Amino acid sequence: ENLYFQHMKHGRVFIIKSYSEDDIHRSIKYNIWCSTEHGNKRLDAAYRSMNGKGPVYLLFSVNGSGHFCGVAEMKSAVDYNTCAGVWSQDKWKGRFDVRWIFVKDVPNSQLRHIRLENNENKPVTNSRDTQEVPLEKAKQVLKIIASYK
């Protein structure tokens, strides 16, 4: 429980929502990801402003699944000019590296009581893709996911 993410000063944490589980599986296999155009720009700015002084974490969830499916750290800036059609749909353009840390399904029931003060106090489980999570709430989510059994 407190073994995980006890030292996570600095850094920023985002929700990732996918409408394709196959895309997630490919992310886990090859340690890469891509968001929407606006989502890519958000993650890119966060990663770049962090300038390596802390981690950028990604909380992954397949839309409609009722569970989060793991955690990865973002590991490069966004390359916007990359091979087309590598994902479930052609609209996913560009690429950045990640490193997956946890691959595990955690029911939303374990997380829905955490609310985002930056998103009208909505449960963290009702977030859209690349919703940023306040650090103290992110620390709570990461610990729950890490320790869930």
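Heads up: residue numbers just count along the shown sequence, starting at 1. Only the largest set of C-alpha atoms that superpose within 1.5 Å between the two forms is called the rigid core.
S.K.: Rigid core superposition, C-alpha RMS per stretch in 9 other deposited structures of this protein: which comes out larger, 106 to 114 or 82 to 90?
M.R.: With the rigid core superposed, the C-alphas that lie farther in 9 other deposited structures of this protein are those of 82 to 90.
S.K.: Which of the two stretches, 92 to 100 versus 31 to 39, has its Cα atoms farther on average from this form in 9 other deposited structures of this protein when everything is superposed by the rigid core?
M.R.: Most displaced of the pair in 9 other deposited structures of this protein: 92 to 100.
S.K.: Take the C-alpha B-factors listed in the entry for 103 to 111 and for 49 to 57, compute each mean, and give the stretch with the larger one.
M.R.: The stretch with the larger mean CA B-factor is 49 to 57.
S.K.: Which wins on mean Cα temperature factor, 59 to 67 or 88 to 96?
M.R.: Stretch with the higher mean C-alpha B-factor: 88 to 96.
S.K.: Within this chain's modelled residues, let me know which third the CA B factor of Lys41 belongs to: lowest, middle or highest.
M.R.: Answer is highest: the recorded C-alpha B-factor places it there.
S.K.: For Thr82, return the chain-relative third of its C-alpha B-factor as stated in the PDB record: lowest, middle or highest.
M.R.: Highest third - that is where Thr82 ends up once the chain's C-alpha B-factors are sorted.
S.K.: Should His25 be placed in the lowest, middle or highest third of its chain by the C-alpha B factor in the entry?
M.R.: For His25, the deposited C-alpha B-factor lands in the lowest third.
S.K.: Sort the modelled residues of this chain by their C-alpha B factor and say whether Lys17 lands in the lowest, middle or highest third.
M.R.: Within its chain, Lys17 is a lowest-third residue by C-alpha B-factor, going by the deposited values.
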